[PDB]
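Each remark here refers to the structure printed beneath this line.
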Amino acid sequence: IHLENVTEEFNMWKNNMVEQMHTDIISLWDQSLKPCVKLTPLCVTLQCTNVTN
Amino acid sequence: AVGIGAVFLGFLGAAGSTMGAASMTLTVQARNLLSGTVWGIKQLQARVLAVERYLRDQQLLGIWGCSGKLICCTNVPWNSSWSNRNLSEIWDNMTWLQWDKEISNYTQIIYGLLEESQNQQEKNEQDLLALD
Amino acid sequence: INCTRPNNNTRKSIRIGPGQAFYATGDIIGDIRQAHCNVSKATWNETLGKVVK
Amino acid sequence: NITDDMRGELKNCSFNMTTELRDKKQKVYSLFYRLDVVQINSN
Ligand SMILES: *[C@@H]1O[C@H](CO)[C@@H](O[C@@H]2O[C@H](CO)[C@@H](O[C@@H]3O[C@H](CO)[C@@H](O)[C@H](O[C@H]4O[C@H](CO)[C@@H](O)[C@H](O)[C@@H]4O)[C@@H]3O)[C@H](O)[C@H]2NC(C)=O)[C@H](O)[C@H]1NC(C)=O
Ligand SMILES: *[C@@H]1O[C@H](CO)[C@@H](O[C@@H]2O[C@H](CO)[C@@H](O[C@@H]3O[C@H](CO)[C@@H](O)[C@H](O)[C@@H]3O)[C@H](O)[C@H]2NC(C)=O)[C@H](O)[C@H]1NC(C)=O
Ligand SMILES: *[C@@H]1O[C@H](CO)[C@@H](O[C@@H]2O[C@H](CO)[C@@H](O)[C@H](O)[C@H]2NC(C)=O)[C@H](O)[C@H]1NC(C)=O
Ligand SMILES: *[C@@H]1O[C@H](CO)[C@@H](O)[C@H](O)[C@H]1NC(C)=O
Ligand SMILES: *[C@@H]1O[C@H](CO)[C@@H](O)[C@H](O)[C@H]1NC(C)=O
């Protein structure tokens, strides 16, 4: 709802809520990995070669 | 098509008006103050911080003379050194924001004065009902 | 009280696995000595006199 | 210089250990106090 006869100074640069949002997104990013699977047995010697082309 | 009086009566709608006309609504502000795996912790401390604030303000009114009246009076006169403004101009000229930034230095004096004045009122009322 | 180990001590990192680490006592440079502690004689005597009092 | 009657309190222990990679094993040594190893059972 609108507000009238009103002067308010804003700032995006000294603004908060980008800080805790940058916290929260990486936090939920890590919450999306604890069910998932590690690859600790996979780091091993690799016999690699060029693809058929 | 919705009407302008409704958003006048909305939450924080009267922030720009004069304080005399902003007196006609406080209940919406008061009502929207109260309530309306890891994350619920943050949710929960936010909710209890809000009710801690609400109880602090209710206690500050409770130690004062008025509990649920929401519009009060007292028995300490206004020091003209605080404001020296005309009585006509304050209700029809200024907003609450600039009123707050004017009187914002004169704080915690008036609080203790209200405490003292109604403590004296309590002992006077106790004395009057003790003699009777 | 003074307390010391006088031996000069080198650590050594050992990678256990992928992104793992381990620290271990590598070489010891200097005199192979023995750790110890010291207290003042007469202070200890006087404080024991106080507690016996 | 070892005393035959007193005892030193530091032991040089070499052993197999894993690496970054699974198929590679390595030989590494360190030192330990007498009070954290025991003898299992000549060599
Ligand atoms: C990535 O590299 C791997 C390396 O192992 C590779 O897998 C191997 O590829 C070769 C060639 O594609 C496969 O050999 C074929 O195997 C099938 C199944 O047994 C046979 O039918 C094939 O025979 C045909 O070709 C012959 C050639 O002379 C003809 O004589 C015959 O008549 C058939 O037409 C051929 O032998 C091999 O089996 C795989 N091995 C495994 C384990 O899959 C893979 O293809 C590479 N992938 C990419 C994307 O580069
Ligand atoms: C570290 O790991 C290696 C690898 O397992 C160990 O080496 C192996 O030790 C065994 C027994 O000590 C050896 O068997 C013996 O080998 C000798 C020499 O050929 C032979 O005469 C004996 O009859 C018996 O077969 C084995 O060969 C040896 N393998 C390798 C690759 O070294 C080692 O003991 C571990 N510890 C240290 C401190 O290195
Ligand atoms: C313990 O031994 C190490 C051996 O490296 C000493 O470190 C050296 O000290 C000298 C002089 O202080 C320096 O010139 C070298 O550059 C140092 N080397 C390293 C790798 O740091 C260390 O000073 C000794 N500590 C004591 C208390 O004697
Ligand atoms: C394999 O890769 C190397 C380097 O990318 C390339 O020179 C070579 O032609 C490739 N193919 C074979 C069959 O070696
Ligand atoms: C409020 O008080 C401070 C010092 O107490 C003073 O510097 C400031 O000018 C005052 N503000 C107003 C609006 O009087």
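Residue numbers (the authors' numbering), protein chains in the order written: chain A, 84 to 136; chain V, 512 to 547, 569 to 664; chain W, 294 to 309, 312 to 321, 321A, 322 to 347; chain C, 137 to 141, 150 to 185, 187 to 188. Positions of the beta carbon are idealized from the N, C-alpha and C atoms, including for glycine.
In the DSSP secondary-structure assignment, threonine 297 of chain W is bridged to W:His330.
Residue nearest to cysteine 157 of chain C within the set C:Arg166, C:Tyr173 and C:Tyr177 is C:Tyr173 (criterion: CA-CA distance). With respect to the 7 Å criterion, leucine 175 of chain C and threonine 320 of chain W are classified as neighbours on the basis of their beta carbons. A buried status is given to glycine 524 of chain V, since no fewer than 16 other beta-carbon atoms sit within 10 Å of its beta-carbon. Residue ranges of uninterrupted alpha helix (DSSP H) with 4 or more members, entirely inside the segment 94-119 of chain A and ordered along the chain, are 102-114. When the beta-carbon positions are compared, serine 649 of chain V and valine 608 of chain V come within less than 7 Å of each other. Burial is judged here by how many other beta carbons sit within 10 angstroms of a residue's own beta carbon; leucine 646 of chain V has at least 16 and is buried. Non-local C-beta neighbours of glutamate 153 of chain C in its own chain, meaning closer than 6 Å and more than five positions away in sequence, comprise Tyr177 and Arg178, ordered along the chain. Under a criterion of Cβ atoms nearer than 9 Å, the residues of chain C adjacent to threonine 128 of chain A are, in order, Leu165, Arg166, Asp167 and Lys168. Rounded to whole angstroms, the separation of the alpha carbons of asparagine 133 of chain A and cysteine 126 of chain A is 20 Å.
In this structure, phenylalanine 317 of chain W sits away from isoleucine 323 of chain W, with a CB-CB distance that is not shorter than 7 Å. Taking CB atoms only, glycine 312 of chain W has a neighbour in chain C less than 7 Å away. A distance of 7 Å or more separates the beta carbons of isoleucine 307 of chain W and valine 333 of chain W.
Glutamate 164 of chain C and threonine 128 of chain A have their C-alpha atoms roughly 10 Å apart.
With the criterion CB distance below 6 Å from any heavy atom of ligand 2, the matching residues run C:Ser158, C:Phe159, C:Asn160 and C:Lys171 along the chain. If you look at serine 546 of chain V, you'll find it isn't in any beta strand (DSSP E); DSSP assigns it neither H nor E.
With a cut-off of 6 Å, the C-beta of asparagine 611 of chain V is classified as distant from ligand 5, since no heavy atom of the ligand falls inside that distance. For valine 172 of chain C, the pairing in a beta bridge is given by DSSP as C:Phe159.
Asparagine 616 of chain V and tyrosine 638 of chain V have their alpha carbons spaced roughly 13 Å apart.
Taking the Cβ atoms as the reference, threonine 529 of chain V lies roughly 7 Å from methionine 626 of chain V, within the contact range of under 8 Å. In the three-state reduction of the DSSP assignment, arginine 617 of chain V falls in the coil class, being assigned neither a helical nor a strand state.
The Cβ-Cβ distance between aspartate 664 of chain V and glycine 531 of chain V does not fall below 7 Å.
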